[PDB]
Structures are given as C-alpha cells and as structure tokens.
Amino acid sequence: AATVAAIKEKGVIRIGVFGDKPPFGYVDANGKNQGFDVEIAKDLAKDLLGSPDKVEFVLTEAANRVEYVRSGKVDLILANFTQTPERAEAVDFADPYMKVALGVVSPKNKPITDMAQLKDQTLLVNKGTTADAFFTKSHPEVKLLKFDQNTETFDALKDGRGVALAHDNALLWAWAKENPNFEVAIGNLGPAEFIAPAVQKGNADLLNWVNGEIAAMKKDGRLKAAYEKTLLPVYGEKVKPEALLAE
C-alpha cells in the first residue's frame, strides 16, 4: 500500500538495496545480501515482521531507486541513498542514518587533484548518483562517461576508460584499500550530505514507522552494532564512527 498494515499482511517487506556497493550493500560469495544498509534492513524486518529473514531484497541500480519506490516495486529504499532537495520532490526520506561527502579517485601514477586536470579527459561516474548530479550541475566543462552499475564503473577505471572516477568518498576509500594502484587524491568535494531510507511520496504511515525505528536504533546500539560489523573492519581507526553515523 505500502502501509505498515499492508506489509504485515503480505508477511514480507520488499527492500531496494545495492548489489555491488560494498561495504554498504553487496552480495557475498554464498549469494547472500550483506553490508551496512542490509543490516539496517534486517533489523527493520525483524521489528516489523518478527524475523530478519522476512525481507525480499531487490537489487537496485543508482538510477532506478526513485522509479522502484515510486512504482511500488519496492516498499522501501535502503540503497545507500543520499537525501537531496531534488530527490525529496520525488520520494519521502526518513530519518538519516549516515553522512557522506563526494571524493575523486585516480591512479597513483597520474593523480587528479584539481578540475583543470580534467581538460580533454574523461571522468567516470555511476549513472544517477550524487557524483553524476554534482559534475553535471557544477562542472559542465568536465566530460562524463556514465555506467549503470558500480562494477562496470570501477572496471572502466581499471581499463583506463577515464583518468578518474567520482563517487561517495567512503565508497572510494573502501575500494582503494583493495586497489592500491589508486588513491583518493580528492577526499572531499564539499560538506557531507545525509544518507536516509526512502519511501513512496505520500506514504506517511511507513515513513512514520521508519522514523521511529531509526531513532530507536540510534538510541539502543543497533546502528552502532551495524557499523562495527560492516564498516569498522574496512576503515579501522582511519574513520571515526561519528564521521559516518548520523546523529
């Protein structure tokens, strides 16, 4: 409906998540959904439905997040979704659970640190992300090559299809850790934005329930537990939990 009652009746919550954005949302070698956003999703299903296994996870491209929640394909988006005023015209955001800024990653042998360095060159972005929207709006002089999926986008960077790739910095730090010929040579392109769950526009019933759940997870340690399970192993002491988690 996708109201609380309607979802209880179906016995399963459909949740939009990433398949290829570790450590936020991905699929492990056993074909199981994992990551920070997924842990939050399992917590919500346990409270709503009585069991964390009552989520149907639906793999969502960045560009499809709005459409999937709008059309009813999912009940809720937890595909690491940055809240923006433009997006908020199309969907309703619950209370934020994390924050993130954009960054730019490039090979260590040709680091990119400023926009003039993109002259006559290509920047890679995952289509429909805040990095895509940022460069399109604020740097129209920069030539973009866009791919639907994260794996394609980072593969194109490995293949030299562009000189750099822009995305959430936390993603770029996690990726560069396992790809050490790259560095995040621009760590921050401006103030951090919140990441938040999203429901269909007008769905105040599910929105209100999601808000209470997020708030409760902040207070009772469930959000901190999710960060310790999925994020802390990646960043260690290099990124303080108060830099990632939303108050």
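All residue numbers are counted from 1 along the displayed sequence.
Averaged over CA atoms, B-factors in the entry run higher in 141-149 than in the other of 166-174 and 141-149. When 50-58 is weighed against 191-199, 50-58 comes out higher, by mean CA B-factor as recorded in the entry. In this PDB entry, the Cα temperature factor of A131 sits in the bottom third of its chain's modelled residues, the lowest group.
For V104, the recorded CA temperature factor ranks within the lowest third of the chain's modelled residues. Placement of the Cα temperature factor of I186 within the chain: lowest third of the modelled residues, per the deposited record. When the modelled residues of the chain are ordered by C-alpha B-factor, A41 sits in the lowest third. Sort the modelled residues of the chain by CA B factor and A79 lands in the lowest third.
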